[PDB]
Amino acid sequence: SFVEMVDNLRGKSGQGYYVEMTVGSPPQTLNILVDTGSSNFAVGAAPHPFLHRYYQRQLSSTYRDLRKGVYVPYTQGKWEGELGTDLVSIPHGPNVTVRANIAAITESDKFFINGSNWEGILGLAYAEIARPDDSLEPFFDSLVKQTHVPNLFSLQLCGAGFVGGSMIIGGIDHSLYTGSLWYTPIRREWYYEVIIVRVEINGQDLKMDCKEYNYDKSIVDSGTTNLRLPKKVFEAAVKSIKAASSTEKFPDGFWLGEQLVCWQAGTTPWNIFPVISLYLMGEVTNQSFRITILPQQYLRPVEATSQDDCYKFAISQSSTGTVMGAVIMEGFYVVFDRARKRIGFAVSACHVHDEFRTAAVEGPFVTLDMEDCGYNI
Amino acid sequence: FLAXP
């Protein structure tokens with residue numbers, strides 16, 4: 001059944017996970033990036049140095065033109081383009097085909113990535129944040145409305161060691177995760193906003209006001225690489241991680257992800273870096289579960305050469321809220337249960353780990369006043 | 001990836 005969709009995401013490692021799609025009639029194949037952070041469907045529609053192909057509206061018989069321009073700014077990069085519609089399909093997804101809004105990307109700055117092998121972007125969020133407003137049914141909202149696929153998808157992003165994944169449209173593939181699923185309510189349907197109720201580093205409470213963790217918002221977002229924390233929370237986590245891992249001294253510039261750390265191949269002392277835990281507001285009143293990544297999720301590997309492995313620190317600061325990007329997701333099977341307004345995590349059956357540690361989802365934990373953790377205005 | 005809201 002969903003086996004057709006298992007392994008349907010590829011990625012040039014550190015350049016984002018993408019699912020192949022076709023656009024228009026006849027169907028021009030394009031690799032689209034999977035992004036739960038954005039809510040806009042958009043494909044490169046005019047040449048650019050970085051992308052080896054693009055969308056030629058001229059050659060698509062099913063292509064209409066909406067006669068309105070669009071501007072989208074990402075935390076990293078931005079583009080502007082022309083809004084069309086056209087027939088969309090997914091080879092290693094459901095054998096269905098919809099008319100869905102498409103943004104033809106005709107101008108961009110620091111968006112496309114060199115070597116990334118993607119050429120477009122699939123914003124999977126909700127319409128509330130679509131650009132230029134909520135009258136632009138996001139691709140998925142249409143896919144469900146126009147077909148029989150149920151309102152739900154799940155993502156298993158698979159990291160590399162010393163890249164691949166699966167986006168399951170409409171269902172849950174039980175072969176991709178181990179143990180139970182645990183669900184946190186989606187706080188509001190715009191981003192996939194969740195509420196973190198406690199943070200631990202190697203088990204040590206960060207001991208900050210619950211609000212500070214969701215300061216602005218905390219969202220799940222496959223498009224972002226790092227785990228991104230609000231400043232007070234970042235500076236706090238860097239101290240605690242520095243503390244624990246202090247078995248080795250470190251350039252001030254490493255924690256800013258400006259410098260890389262290197263060891264003779266394989267001799268990477270994983271055991272000295274702390275695990276990180278996020279507790280999430282659970283489905284049941286006054287209850288909560290935690291999720292725990294390893295150094296192997298927050299130390300993204302980077303291909304200097306030689307017989308040495310090098311890693312970049314993938315926890316960075318953020319002015320706009322927590323962002324649980326690939327660093328977190330690379331450790332779990334994440335189920336975006338749009339239907340039941342909730343999100344589930346389960347230990348991804350393909351998360352990099354070592355002999356002595358592994359990523360974890362675990363619960364429940366008695367937590368009170370969790371509703372008190374969400375920020376406002 | 002969105003910035004602003």
# chains A, B, ... in the order shown; residues from 1 in each chain; ligands from 1
call {"tool": "interface_residues", "arguments": {"of": "chain A", "to": "chain B", "cutoff": "8 Å", "atoms": "only C-alpha atoms", "output": "ChimeraX atom specification"}}
result
/A:35,37-39,72-77,129,221,223-224
call {"tool": "write_last_selection", "arguments": {"atoms": "N, CA, C and O atoms", "output": "PDB file, in the first residue's frame"}}
result
ATOM      1  N   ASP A  35       8.558  21.180   2.774  1.00  0.00           N
ATOM      2  CA  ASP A  35       8.687  22.241   3.759  1.00  0.00           C
ATOM      3  C   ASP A  35       7.419  22.480   4.568  1.00  0.00           C
ATOM      4  O   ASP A  35       6.465  23.089   4.079  1.00  0.00           O
ATOM      5  N   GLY A  37       7.283  24.415   6.945  1.00  0.00           N
ATOM      6  CA  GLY A  37       7.422  25.743   7.509  1.00  0.00           C
ATOM      7  C   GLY A  37       6.654  26.776   6.709  1.00  0.00           C
ATOM      8  O   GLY A  37       6.124  27.735   7.263  1.00  0.00           O
ATOM      9  N   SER A  38       6.597  26.569   5.395  1.00  0.00           N
ATOM     10  CA  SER A  38       5.951  27.484   4.471  1.00  0.00           C
ATOM     11  C   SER A  38       4.599  26.886   4.112  1.00  0.00           C
ATOM     12  O   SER A  38       4.318  25.755   4.471  1.00  0.00           O
ATOM     13  N   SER A  39       3.762  27.648   3.417  1.00  0.00           N
ATOM     14  CA  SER A  39       2.453  27.179   2.984  1.00  0.00           C
ATOM     15  C   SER A  39       2.204  27.486   1.524  1.00  0.00           C
ATOM     16  O   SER A  39       1.053  27.588   1.101  1.00  0.00           O
ATOM     17  N   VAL A  72       7.492  35.959  -1.225  1.00  0.00           N
ATOM     18  CA  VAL A  72       7.668  35.137  -0.029  1.00  0.00           C
ATOM     19  C   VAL A  72       9.056  35.289   0.587  1.00  0.00           C
ATOM     20  O   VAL A  72      10.073  35.086  -0.080  1.00  0.00           O
ATOM     21  N   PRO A  73       9.100  35.681   1.860  1.00  0.00           N
ATOM     22  CA  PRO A  73      10.374  35.742   2.564  1.00  0.00           C
ATOM     23  C   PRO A  73      10.569  34.590   3.549  1.00  0.00           C
ATOM     24  O   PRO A  73       9.761  34.348   4.444  1.00  0.00           O
ATOM     25  N   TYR A  74      11.667  33.876   3.380  1.00  0.00           N
ATOM     26  CA  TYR A  74      12.032  32.864   4.342  1.00  0.00           C
ATOM     27  C   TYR A  74      13.069  33.431   5.317  1.00  0.00           C
ATOM     28  O   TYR A  74      13.852  34.308   4.971  1.00  0.00           O
ATOM     29  N   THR A  75      13.042  32.955   6.550  1.00  0.00           N
ATOM     30  CA  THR A  75      14.105  33.202   7.504  1.00  0.00           C
ATOM     31  C   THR A  75      15.467  33.169   6.829  1.00  0.00           C
ATOM     32  O   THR A  75      16.377  33.901   7.198  1.00  0.00           O
ATOM     33  N   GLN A  76      15.613  32.291   5.847  1.00  0.00           N
ATOM     34  CA  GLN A  76      16.824  32.231   5.038  1.00  0.00           C
ATOM     35  C   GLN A  76      16.410  32.275   3.582  1.00  0.00           C
ATOM     36  O   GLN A  76      15.772  31.347   3.099  1.00  0.00           O
ATOM     37  N   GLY A  77      16.743  33.362   2.897  1.00  0.00           N
ATOM     38  CA  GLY A  77      16.400  33.512   1.496  1.00  0.00           C
ATOM     39  C   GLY A  77      15.019  34.095   1.261  1.00  0.00           C
ATOM     40  O   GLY A  77      14.212  34.193   2.180  1.00  0.00           O
ATOM     41  N   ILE A 129      -1.097  31.232   6.715  1.00  0.00           N
ATOM     42  CA  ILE A 129       0.160  31.914   6.459  1.00  0.00           C
ATOM     43  C   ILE A 129       0.597  31.900   5.004  1.00  0.00           C
ATOM     44  O   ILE A 129       1.699  32.344   4.680  1.00  0.00           O
ATOM     45  N   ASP A 221       9.131  22.064  11.471  1.00  0.00           N
ATOM     46  CA  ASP A 221       9.439  22.640  10.166  1.00  0.00           C
ATOM     47  C   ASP A 221      10.566  21.921   9.435  1.00  0.00           C
ATOM     48  O   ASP A 221      11.740  22.199   9.652  1.00  0.00           O
ATOM     49  N   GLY A 223      11.728  22.277   6.619  1.00  0.00           N
ATOM     50  CA  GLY A 223      12.481  23.091   5.684  1.00  0.00           C
ATOM     51  C   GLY A 223      13.731  23.681   6.298  1.00  0.00           C
ATOM     52  O   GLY A 223      14.692  23.978   5.590  1.00  0.00           O
ATOM     53  N   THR A 224      13.701  23.855   7.620  1.00  0.00           N
ATOM     54  CA  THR A 224      14.794  24.438   8.378  1.00  0.00           C
ATOM     55  C   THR A 224      15.766  23.347   8.754  1.00  0.00           C
ATOM     56  O   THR A 224      15.332  22.284   9.150  1.00  0.00           O
TER      57      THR A 224
END
call {"tool": "select_by_dssp", "arguments": {"residues": "region 61-231 of chain A", "states": "strand (DSSP E)", "output": "PyMOL selection string"}}
result
chain A and resi 64-73+78-89+97-109+120-123+153-158+164-169+177-185+193-194+196-201+204-205+218-220+227-230
call {"tool": "residues_around", "arguments": {"residues": "residue 321 (chain A)", "least_positions_apart": "5", "cutoff": "9 Å", "atoms": "only C-alpha atoms", "output": "list in words"}}
result
residues 213, 214, 215, 216, 217, 218, 219, 228, 229, 230 and 231 of chain A
call {"tool": "write_last_selection", "arguments": {"atoms": "C-alpha atoms", "output": "mmCIF file, in the first residue's frame"}}
result
data_model
loop_
_atom_site.group_PDB
_atom_site.id
_atom_site.type_symbol
_atom_site.label_atom_id
_atom_site.label_comp_id
_atom_site.auth_asym_id
_atom_site.auth_seq_id
_atom_site.Cartn_x
_atom_site.Cartn_y
_atom_site.Cartn_z
ATOM 1 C CA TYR A 213 10.521 28.149 25.424
ATOM 2 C CA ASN A 214 7.582 28.979 23.173
ATOM 3 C CA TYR A 215 8.577 32.620 22.972
ATOM 4 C CA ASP A 216 6.638 33.770 19.947
ATOM 5 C CA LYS A 217 5.893 30.253 18.813
ATOM 6 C CA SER A 218 7.487 26.858 18.499
ATOM 7 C CA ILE A 219 6.891 25.153 15.172
ATOM 8 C CA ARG A 228 16.453 26.967 16.473
ATOM 9 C CA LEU A 229 15.875 28.431 19.920
ATOM 10 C CA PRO A 230 14.820 31.908 21.109
ATOM 11 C CA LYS A 231 17.847 33.913 22.451
#
call {"tool": "select_by_dssp", "arguments": {"residues": "region 137-174 of chain A", "states": "alpha helix (DSSP H)", "output": "PyMOL selection string"}}
result
chain A and resi 139-146
call {"tool": "write_last_selection", "arguments": {"atoms": "N, CA, C and O atoms", "output": "tab-separated table (two decimals), in the first residue's frame"}}
result
chain	number	residue	atom	x	y	z
A	139	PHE	N	-1.12	23.62	-1.36
A	139	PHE	CA	-1.22	22.46	-2.22
A	139	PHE	C	-1.98	21.33	-1.57
A	139	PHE	O	-2.88	20.76	-2.16
A	140	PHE	N	-1.60	21.01	-0.34
A	140	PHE	CA	-2.18	19.86	0.33
A	140	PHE	C	-3.67	20.03	0.52
A	140	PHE	O	-4.45	19.14	0.20
A	141	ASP	N	-4.09	21.19	1.03
A	141	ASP	CA	-5.51	21.46	1.20
A	141	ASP	C	-6.30	21.12	-0.08
A	141	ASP	O	-7.43	20.64	-0.01
A	142	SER	N	-5.70	21.38	-1.24
A	142	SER	CA	-6.36	21.04	-2.50
A	142	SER	C	-6.30	19.54	-2.73
A	142	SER	O	-7.32	18.90	-2.92
A	143	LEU	N	-5.10	18.97	-2.68
A	143	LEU	CA	-4.96	17.52	-2.80
A	143	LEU	C	-6.01	16.73	-2.01
A	143	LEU	O	-6.53	15.74	-2.50
A	144	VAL	N	-6.31	17.15	-0.79
A	144	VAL	CA	-7.34	16.46	-0.03
A	144	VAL	C	-8.73	16.80	-0.56
A	144	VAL	O	-9.57	15.92	-0.71
A	145	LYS	N	-8.98	18.06	-0.83
A	145	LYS	CA	-10.30	18.45	-1.28
A	145	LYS	C	-10.64	17.81	-2.63
A	145	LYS	O	-11.78	17.42	-2.88
A	146	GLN	N	-9.64	17.68	-3.50
A	146	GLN	CA	-9.92	17.22	-4.86
A	146	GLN	C	-9.83	15.70	-5.00
A	146	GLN	O	-10.29	15.14	-5.99
call {"tool": "residues_around", "arguments": {"residues": "region 26-33 of chain A", "least_positions_apart": "3", "cutoff": "6 Å", "atoms": "only C-alpha atoms", "output": "list in words"}}
result
residues 17, 18, 19, 20, 21, 22, 23, 118, 119, 120, 121 and 122 of chain A
call {"tool": "write_last_selection", "arguments": {"atoms": "C-alpha atoms", "output": "short mmCIF file (atom, residue, chain, number, x, y, z; two decimals), in the first residue's frame"}}
result
data_model
loop_
_atom_site.label_atom_id
_atom_site.label_comp_id
_atom_site.auth_asym_id
_atom_site.auth_seq_id
_atom_site.Cartn_x
_atom_site.Cartn_y
_atom_site.Cartn_z
CA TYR A 17 14.83 16.65 1.57
CA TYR A 18 12.83 16.59 -1.68
CA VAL A 19 10.03 14.56 -3.28
CA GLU A 20 9.81 14.32 -7.08
CA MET A 21 6.67 15.82 -8.62
CA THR A 22 5.47 16.56 -12.13
CA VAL A 23 3.81 19.73 -13.29
CA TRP A 118 15.90 20.61 -5.77
CA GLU A 119 14.14 23.23 -7.92
CA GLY A 120 11.03 24.15 -5.97
CA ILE A 121 9.20 24.14 -2.69
CA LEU A 122 6.18 22.40 -1.22
#
call {"tool": "residues_around", "arguments": {"residues": "residue 8 (chain A)", "least_positions_apart": "4", "cutoff": "8 Å", "atoms": "only C-alpha atoms", "output": "ChimeraX atom specification"}}
result
/A:19-20,92-93,164-167
call {"tool": "residues_around", "arguments": {"residues": "residue 68 (chain A)", "least_positions_apart": "4", "cutoff": "12 Å", "atoms": "only C-alpha atoms", "output": "PyMOL selection string"}}
result
chain A and resi 64+80-85+101-104+131-133+136
call {"tool": "residues_around", "arguments": {"residues": "region 344-359 of chain A", "least_positions_apart": "6", "cutoff": "10 Å", "atoms": "only C-alpha atoms", "output": "ChimeraX atom specification"}}
result
/A:154-161,164-165,174-186,270-271,275-277,282,289-297,328-337
call {"tool": "atom_distance", "arguments": {"atom1": "CA of residue 364 (chain A)", "atom2": "CA of residue 196 (chain A)"}}
result
14.2 Å
call {"tool": "closest_residue", "arguments": {"among": "A:59, A:241, A:281, A:201", "to": "residue 371 (chain A)", "atoms": "only C-alpha atoms"}}
result
A:281
call {"tool": "atom_distance", "arguments": {"atom1": "CA of residue 40 (chain A)", "atom2": "CA of residue 124 (chain A)"}}
result
7.5 Å
call {"tool": "atom_distance", "arguments": {"atom1": "CA of residue 87 (chain A)", "atom2": "CA of residue 24 (chain A)"}}
result
4.9 Å
